[PDB]
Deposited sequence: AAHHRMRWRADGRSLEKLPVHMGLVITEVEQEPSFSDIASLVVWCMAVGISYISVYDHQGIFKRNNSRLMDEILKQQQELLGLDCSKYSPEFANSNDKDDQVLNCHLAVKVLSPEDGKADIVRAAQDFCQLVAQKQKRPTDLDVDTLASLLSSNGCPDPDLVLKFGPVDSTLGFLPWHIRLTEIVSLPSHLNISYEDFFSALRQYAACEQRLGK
């Protein structure tokens, strides 16, 4: 009713902090797109810039369109500019976006080594990080893990080094209050960064 956009932005602004980049990892292999879509739009409504969606069986990758279909639907209730903003803010991932991509980059650096363009020594941490960036997309600060499995199951191993990992038993009927509860958890977390 549009007092719902003001509410959800107020909810976000109210937390000590919000994730710039949220990951949604689904581990459940028993069986569902509207729930995931609801999570995504909630993320966008509260003020989270980027949302990754991941499953280890690549089901979401193979169903990108059907997923973006629901996201755009659910999103309007609560066309081309709207389709561009979801493509930018939402990434759909499978395992190949993790380790395989690190191999991918490794190769891209070893040709520059063959080319006598780069020396092995030029590859500090930070260079690898760059070779492994998108554009705006930072590392996910918060991953919401759904389902019975205590594992990231291949989710962005490189980028997930400081990500707070919050576990929820299922995504099946997920409520806003349940989603926000996770956000309150993340907002209250202490990050020392080695000090």
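Provide the list of deposited-sequence positions lacking C-alpha coordinates, grouped into contiguous ranges. Going by the record, the segments left unmodelled (no C-alpha atoms) fall at 32 to 33, 81 to 97.
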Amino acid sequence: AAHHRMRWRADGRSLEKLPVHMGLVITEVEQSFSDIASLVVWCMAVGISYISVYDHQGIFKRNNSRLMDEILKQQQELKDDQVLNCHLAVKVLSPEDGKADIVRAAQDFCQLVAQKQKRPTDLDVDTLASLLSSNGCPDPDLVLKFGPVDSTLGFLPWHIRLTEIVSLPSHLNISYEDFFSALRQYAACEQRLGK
From here on, numbers count along this sequence of modelled residues.
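Think of the rigid core as the biggest set of C-alphas that the two forms share within 1.5 Å after superposition.
Please tell me which region, 125 to 133 or 148 to 156, has C-alphas lying farther from the displayed form on average in 6 other deposited structures of this protein, with superposition done on the core. Looking at 148 to 156 and 125 to 133 in 6 other deposited structures of this protein, the bigger mover is 125 to 133.
Superpose by the rigid core: which stretch, 43 to 51 or 135 to 143, shows more Cα shift in 6 other deposited structures of this protein? Higher root mean square deviation of C-alphas in 6 other deposited structures of this protein is shown by 135 to 143.
Higher-B stretch (mean Cα B-factor, as the entry records it), 143 to 151 or 63 to 71: Stretch with the greater average CA B-factor: 63 to 71.
Tell me which of 38 to 46 and 132 to 140 has the higher mean C-alpha B-factor in the deposited entry. Per the deposited B-factors, the answer is 132 to 140.
Which one, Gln31, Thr27, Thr163, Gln57, has the peak C-alpha temperature factor per the PDB entry? In the PDB entry, the greatest C-alpha B-factor among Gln31, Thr27, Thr163, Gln57 is found at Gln31.
How does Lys17 rank on Cα B-factor within its chain, lowest, middle or highest third? Its C-alpha B-factor belongs to the lowest third of this chain's values.
Chain-relative CA temperature factor third for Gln185: It falls in the middle third of the chain.
Quick check on the deposited entry: does the C-alpha B-factor of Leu93 sit in the lowest, middle or highest third of its chain? Tercile = lowest for this residue's CA B-factor.
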